[PDB]
């Protein structure tokens, strides 16, 4: 009177080692938080390493190893108690349980935990049988996984290959035709070549599946920059549709040279529909695609004004925006929250693809950086993205490599800091 319509959700990863589970867990968790759903990942690798206080050879992972199996089960129970605390005491809505969970006994233990606590359960099983995908994932584990010592990885590969065989002995995949016909799940096959989806129960499960249709697990690189310096940038005017300054044109030429030197396979170039990004791309000698949704934030009645003019003409609005820069909405225009919402299709295409250069704008690029660098709404409107600097991004399971490349053309500074040190607040 009522029942289970308002329950939180436990997303349970399944798979053999080196299947992309931790990458998927982390990026899915970031996406769910991005759309406003409080979500936390629980990485059982961390739990078990902290419990045994040493790195473990493949024999630790034998299903026969009674002593190891008992330690590993206890770690799962501790993590589940942390899941419960998060979802019932800490205002979490979704918990993501990143572990192998390859046996039916372990999955039934999780399901019984969820039923006792009225948590919905959705399984994400990563199945890789393509030799190239497998060999790639395994090599990535060998090089970067923290489940082995930081240095001296010469014997990691041989051990890890044997650890996988231990899991293969007892692995029961989800069986949609019989044993698991009533469970809600998705099998992600070969990191997203195809999918088997069973019994999607509700809106949030549809969003989870939606996100996983856009994820890309193999290493990829994306490039972000602004249009070259514009005339309005030189004037300190926001918004508008002005063209490149002569220095912005020099930047566009330098950008062409930089892209040639980078030797990028199958480069795609995306711009907005505003002249300054188009003009930047036109100098590159390669096809490009304009996106309306990459247009700069709309400043409404403040379009084409300087900050000094805005503070003078609209002192109350100007102070409000400084107090609440993410949520503030220009009269007749947009807030950063509005901008975030309309950027979602570009963000999904950038989750999917590598070798894309996005030529956009200060506020737009802040949103894209906040998404791929996992920054919150508080910091998002203040992220620094100078004119004539390229951001080169390589996402990894626990974050994103960022390289900045300042090209050799000067530009004005358009970054206004939040006012500091004022009294009262």
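Numbering follows the first chain given and starts at 1.
Quiz item: Should the higher mean CA B-factor in the entry be assigned to 133-141 or to 292-300?
Solution: Averaged over C-alpha atoms, the B-factors run higher in 133-141.
Quiz item: In the PDB record, does 96-104 or 203-211 carry the higher mean Cα temperature factor?
Solution: Stretch with the higher mean C-alpha B-factor: 96-104.
Self-check item: Selection from 350, 225, 161, 238 [criterion: highest C-alpha temperature factor in the record]
Solution: Largest recorded C-alpha B-factor: 161.
Quiz item: What's the residue among 156, 305, 281, 254 with the greatest CA temperature factor in the PDB record?
Solution: Out of 156, 305, 281, 254, the record gives the largest C-alpha B-factor to 156.
Self-check item: Ranked against its chain, the third holding the CA B-factor of residue 111
Solution: Its C-alpha B-factor, which the entry lists for residue 111, ranks in the middle third among residues of this chain.
Quiz item: Looking at the C-alpha B-factor of residue 120, is it in the lowest, middle or highest third of its chain?
Solution: It falls in the middle third of the chain.
Exercise. Within this chain's modelled residues, let me know which third the CA B factor of residue 61 belongs to: lowest, middle or highest.
Key: It falls in the top third of the chain.
Exercise. Taking the chain's C-alpha temperature factors as the reference, tell me which third residue 170 falls into: lowest, middle or highest.
Key: Ranked within chain, residue 170 CA B lands in the highest tercile.
Self-check item: Chain thirds of CA B-factor: placement of residue 269
Solution: Middle third.
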